[PDB]
């Protein structure tokens, strides 16, 4: 019953209950006036049962959801607001995130959507202990001590909203603002001041010093040709498309001087000295592969974009390492590591109108390796992918996903932020299905019986290819 889905030990009534919510540019002033459910779209969730305003107990986590949704990789970041209910609020903590189980065990209409019931008067009076409205609580992500909060859209109208920080107001270049805010979660840490870096670097593009690759192994040569090989005319004249490109490249660790699990470009000057050298080789590398791609590119956009990547992987090495050891048998390929977190993840049960969730651990041996995305099975009306609930957690950072249907009945998912893994940086790909109908499936409407994780980009017989590791599941019982 209620005790099989609700956790009492983390359920409670508190006055002036509060959380933090990330805000996209152009709305940081607007939502302080009240929160209202947007016009039709992402909805808070793909799954009907999970429509709602989402927040967290951690203002660094919400921050990461503030970048422009039209420019997820390079775009601007709005801000973080603090939202507070008046009076008493019931936090109702859940042991599972399957909306059909809940509805059964809580004695709810298996007819109506969960988050729809949650906002009703009669639901509040029956679960609220006088607390005026209920909010559901859930673990935020694996590798994270955080808590995700789910507010009913209608009930959320009573929130009072305060500015916690406006990232745009602070007037910096790139996402310097955002990553500086996140680096506060560190009372060793690696906090770099990044305008002292960016200026101190184009002052070092002279024409015609004090660095040493003692200790390291990784070298520059490959990167530059690699780089100069991906950027066509339309890419180089776009910072977003540029970043996507460099995001899926191998060997970025050699600019960044990252190996053996440590940040060896420690200081403002060691790093500044390093990026500079990168910039010119790339400039010197385009007159071998790309047409009229301007050498200004290697001075401007390239630099703006690489800085960003230094900021993603820095933010990662500042977070605790997710527990490395796979607890199931790893598949290795092109230097990675992929493993079902538990044997049970690798089974896709059927006989369900309900939803399921699946965890795959991803590791890497030494140097930062990108994850281009993931490939997913799809049966149009028996096995759909939950856009909203699928994500990748990287040392606790929940990276939300953009999902478009390529097909043959197969679905693709890009992270909305750069993902890298490596020694000390581990990820959890979490996958969620949603079945419109409980019709039946045997593997005679599946084309592939695996989940494909896509790694870095590669050149083989002169053709563009992503390094692919598959993981095999089983649709039985």
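Numbering follows the first chain given and starts at 1.
Using none, 1 to 3, 4 to 9 or 10 or more, say how many deposited residues go missing between residue 208 and residue 209.
The entry has a long gap there, with 10 or more residues left out between residue 208 and residue 209.
Unresolved deposited residues lying between neighbours residue 214 and residue 215
Nothing is missing between them.
Per the record, averaged over C-alpha atoms, which has the higher B-factor: 317-325 or 114-122?
Looking at the record's C-alpha B-factors, the answer is 317-325.
Given the B-factors recorded for C-alpha atoms, which segment has the greater mean, 37-45 or 60-68?
Between 37-45 and 60-68, it is 37-45 that shows the higher mean C-alpha B-factor.
Candidate set 391, 349, 95, 82 [ranked by C-alpha B-factor, highest]
Among 391, 349, 95, 82, the highest C-alpha B-factor in the entry belongs to 349.
Maximum C-alpha temperature factor, selected from 419, 441, 425, 451
That would be 441.
In terms of the CA temperature factor given in the entry, to which third of its chain does residue 459 belong: lowest, middle or highest?
Tercile = highest for this residue's CA B-factor.
For residue 331, return the chain-relative third of its C-alpha B-factor as stated in the PDB record: lowest, middle or highest.
CA B-factor rank for residue 331: middle third.
Assigned third (lowest, middle, highest) for the C-alpha B factor of residue 437:
Ranked within chain, residue 437 CA B lands in the highest tercile.
Could you tell me which third, lowest, middle or highest, the C-alpha B-factor of residue 380 occupies within its chain?
Highest third - that is where residue 380 ends up once the chain's C-alpha B-factors are sorted.
What third of its chain's C-alpha B-factors does residue 127 belong to: lowest, middle or highest?
Ranked within chain, residue 127 CA B lands in the lowest tercile.
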